[PDB]
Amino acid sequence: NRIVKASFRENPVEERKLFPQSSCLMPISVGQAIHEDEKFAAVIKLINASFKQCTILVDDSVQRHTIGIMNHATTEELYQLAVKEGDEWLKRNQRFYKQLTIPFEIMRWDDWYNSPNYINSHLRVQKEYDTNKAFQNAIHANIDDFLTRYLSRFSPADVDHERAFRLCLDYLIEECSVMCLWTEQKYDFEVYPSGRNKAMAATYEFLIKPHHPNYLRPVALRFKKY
């Protein structure tokens, strides 16, 4: 009948030649459709076919910040909801990632946030936000981009815009601080189907690429029915 196939986007032949002998990280934005069913299976199939080894991160506990924009629950409650969402993603998509024949690892957000090196990385990101205005602007742009979609189904009247911004900033600072830590596990490529968001692209530009250009090399995918 019909099937979804996940091809690489923009990655040159000279880069793609490296993929079979390279490692990759698959950060999972728990909640997104690109990480579910037909589109997720398509990715597992392409990753299996083209990489040496793979490790899937479940970006779960981070959402405690974003969940908390409209849900005014206790900080422990949101942490729990953010984890529960990761628990359920793993249940839902166990069927697909189990089909990986290459060596793979399943990690979760807390594995990185609780790293001894997190706090120093967090300070580094907060310093760059304060000092470097290009980086500051990228983060701010990312907040606008994210909130216009996240809060699309809400009337501006029911949204605490001060809160939205604050929590979304907390989310992006954590995401970038954890990003920096990834060089520790020497991942050659970072595969996110859509692009890399503005904040993460800025963090790679200013804090990661200058020190390790052969780590976290971005990879985006195209989806098509065949």
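Position 1 is the first residue in the sequence shown; the rest follow in order.
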Which of the two stretches, 85-93 or 149-157, shows the higher mean Cα temperature factor in the record? 149-157
Of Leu46, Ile173, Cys54, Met179, which one's C-alpha B factor is largest in the deposited record? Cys54
Please rank the C-alpha B-factors of the chain's modelled residues and tell me whether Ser50 sits in the lowest, middle or highest third. highest
Tertile call for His72 (CA temperature factor, within chain, third-based) is the lowest
Would you check the entry's CA temperature factor for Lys186 and let me know if it's in the chain's lowest, middle or highest third? middle
When the deposited Cα B-factors of this chain's modelled residues are ordered and cut into thirds, is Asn117 in the lowest, the middle or the highest one? highest
Using the B-factors in the PDB entry, rank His35's C-alpha atom against the chain and give the third, lowest, middle or highest. middle
